[PDB]
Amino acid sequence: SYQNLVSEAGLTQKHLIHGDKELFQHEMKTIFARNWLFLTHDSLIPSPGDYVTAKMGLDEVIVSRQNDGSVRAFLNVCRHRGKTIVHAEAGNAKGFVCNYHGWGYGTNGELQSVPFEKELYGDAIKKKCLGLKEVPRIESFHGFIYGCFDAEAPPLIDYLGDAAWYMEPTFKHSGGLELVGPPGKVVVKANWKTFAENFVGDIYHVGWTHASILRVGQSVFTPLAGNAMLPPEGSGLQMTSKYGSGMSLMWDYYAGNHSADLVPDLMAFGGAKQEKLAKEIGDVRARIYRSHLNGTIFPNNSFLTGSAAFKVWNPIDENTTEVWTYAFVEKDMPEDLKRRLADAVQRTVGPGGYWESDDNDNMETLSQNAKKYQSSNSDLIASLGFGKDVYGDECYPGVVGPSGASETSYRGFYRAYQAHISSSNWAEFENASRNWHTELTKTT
């Protein structure tokens, strides 16, 4: 079945989806096998032979820089008895030996040496049929390398749909980003969708959940404490895509959630570059560069421009996920500003992050209650801003709503989520999505 978990236009969703164990199993087939997933950045596997390990849903893959400058990714599972081969998170290897029996693999996945081949294996083994299981699709977006196990998938840039347009001022026209490793890693007891859903456009929560650190850290976001006064019309927007990804835009808040010790230099530098950009890119897009995006690229990759955080919510089980937390920096920032901003991302939304801790109270109980008999068929509502959404604005790229405090990317996400969840392939997903912008504006 799995139909009718999210209603028409993505307006409600069954609470059970943040807890049911049967469905989490379905998701591994239908969400994380099918869609694009964040692996790493060029900045962390630069020289040939550099490798990292990264999770693709439940599966762990090895991501290796090729000698021809390429990148390819294989399962960190052996072809013999199935042991795990590489137990380092990162490194640089002339090859990968699996120390159960000694099988030798190329940095390119080929089975290159099996001990005692001539003696014991003879005719029963042929090394060209025993390569690591290869990730078929690997493409890139201004340094950020993404994998997918389904080869029928739309190319990365198409998959990113109308959200790419907003990312480009910060991911491209800034000169580009490098990612600062290693990432922070923590367990929080919450289904992965709860963070995806928070980051795809939960600005509603900033004034209340985060009321303490706004008062005490004096983020550029303090004009929201207590959910008292929203910043007036001239606040921002929120946007969603055909392929699920969405984001909320908050004008000129380049310093994001950072505390007053950094707010000066961050806004100095980012206003400086904004002038340069506007001559090259124009007024709207140069401002977007210096504004604050929070968004989720489907299914489980989130970023914060300005705040400069890159998260991946790696699924463990229906009520647990593993949270990786990198900082990204614009390449032409001074090294000391890079250092300061790399730490500050951790201090904010890392393992010891006071923003992410406040946030986990909501995310944990959100999913605990999903398991309870009387609340599992309850309907969660994402109605905030509904009916004020529009397609084909002369100036703004996707399906757009008029505040960052909206739930327009919420319905976008769970529209796509439900579309993947009930469909057997990419072919069927497209057939449930021909009318995707119409579905989400509807009656209006």
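Start at 1 and count along the sequence shown; that's the residue number.
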Comparing 389-397 with 31-39, which has the greater mean CA B-factor as deposited? 389-397
Tell me which of 216-224 and 144-152 has the higher mean C-alpha B-factor in the deposited entry. 216-224
Which of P169, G234, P315, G350 ranks first by CA B-factor in the deposited coordinates: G234
At the C-alpha atoms, which of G102, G161, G82, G295 reaches the highest B-factor in this entry? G161
Would the CA B-factor of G57 place it in the lowest, middle or highest third of its chain? lowest
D123: C-alpha B-factor third of its chain, per the entry, is the highest
So where's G109 on the chain's Cα temperature factor ranking, which third? middle
Place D283 in the lowest, middle or highest third of its chain's C-alpha B-factors, as listed in the PDB entry. middle
Split the chain's modelled residues into thirds by Cα B-factor; is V63 in the lowest, middle or highest one? lowest
